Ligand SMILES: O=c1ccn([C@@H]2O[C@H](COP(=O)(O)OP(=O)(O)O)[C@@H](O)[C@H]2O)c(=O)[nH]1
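Before any questions on binding or motion, here is one chain by itself as structure tokens, the form deposited without the named molecule.
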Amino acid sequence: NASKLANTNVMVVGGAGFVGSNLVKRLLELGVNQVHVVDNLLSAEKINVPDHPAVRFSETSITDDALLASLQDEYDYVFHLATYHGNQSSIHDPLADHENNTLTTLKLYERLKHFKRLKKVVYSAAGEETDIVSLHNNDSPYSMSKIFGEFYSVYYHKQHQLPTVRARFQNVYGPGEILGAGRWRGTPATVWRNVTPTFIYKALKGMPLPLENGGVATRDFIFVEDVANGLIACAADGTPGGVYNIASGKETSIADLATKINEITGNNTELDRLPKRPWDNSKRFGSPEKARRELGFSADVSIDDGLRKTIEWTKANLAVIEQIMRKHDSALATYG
């Protein structure tokens, strides 16, 4: 963690997004001097970027040449969270993915490489830590772009001493993830972004939660405020050139996720759940041990507590979320 961030100047690329908006909130709580949010709103809503005396917002792509040339060596920390959201959208259009997922990292790093005030540049990568990768089983252009940004992070550190730290995480959930956020990116996943907000929304509407294959799939969910603190710990204390898993270390099946959401929301509809078998998940989830040992970081928000917090926020904001989702009604109808 740290008050190492108190009174500092920070840039959050992708800072209007789900993880980004939460990181910005936490940085302001820690008393940073300035946050420069650079976000084109491609998969985000402007209501997630506060109008705050300490927040500067550039509604602009990080690949923009003018914006890049305008940047000054006035930042202590940079968090690079931009992506092309997400797997499905990237498959639909690999060139839209490349512009907003691969080239973003390269152009940013190229601009930052001779900056001297920078203490750390933290890159959100996809989830002990190894730096060996296979050419196979990269299911999407998104997955490749995330790996490519790790390659860039290592290169700019070795060649130009850019103080990069790669933070690998997965299955983040919590307040601030808005179904339908941003522009239509090609597929229904623009609306139905991820399983948790989908289930919470449908449960709040009293609808049956669709389980694929009885919900035997397991995931290591992590609450977004823990991810924000993990990213801050990487910034403050992560080793330049290094990589850390930011992970809960706890697996929850989709069936149990749905069960919990139904019980918290009062959704009395049926669940077509099946018993998990040894072949259903035969594999790898990230160990949280390195971050615990080196950074003193642990993601301790339980799936029960994180879900209550998320549902509370979703309830309070349901009308706003519904209006955002509805902008895609026509695209949703045309799809396929």
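Don't overthink the numbering: it's just position in the shown sequence, from 1.
Unshown form deposited with the named molecule bound; subsequent notes refer to it.
Pose source in the entry with it bound; superposed partner the named molecule; site open or blocked by backbone or C-beta within 2.4 Å: Placed partner leaves the pocket open.
Might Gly206 be said to contact the named molecule in the entry with it bound, defining contact as any heavy atom within 4.5 Å? No, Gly206 stays farther than 4.5 Å from the named molecule in the entry with it bound.
Residue-level contact is defined here as any heavy atom of the residue lying within 4.5 Å of the named molecule in the entry with it bound; does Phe199 satisfy this criterion? Yes, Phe199 lies within 4.5 Å of the named molecule in the entry with it bound.
Proximity of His92 to the named molecule in the entry with it bound, heavy atoms at 4.5 Å: Flag for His92 set to no.
Quick one: does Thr259 come within 4.5 Å of the named molecule in the entry with it bound, counting heavy atoms only? Output for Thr259 is no: heavy atoms all beyond 4.5 Å of the named molecule.
Answer with one of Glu110, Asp131, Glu263, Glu212: the residue that has a non-hydrogen atom within 4.5 Å of the named molecule in the entry with it bound. Contact with the named molecule in the entry with it bound is made by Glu212 alone.
So which of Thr187, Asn171, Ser140, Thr239 gets a non-hydrogen atom within 4.5 Å of the named molecule in the entry with it bound? In short, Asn171.
Heavy atom contact within 4.5 Å of the named molecule in the entry with it bound, the stretch among 149 to 157, 213 to 221, 71 to 79, 113 to 121: Result of the contact check: 213 to 221.
Within 4.5 Å of the named molecule in the entry with it bound, which residues of 175 to 198 have a heavy atom? Give them in sequence order, or say none. Counting only heavy atoms within 4.5 Å of the named molecule in the entry with it bound, the contacting residues of 175 to 198 are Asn194, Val195, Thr198.
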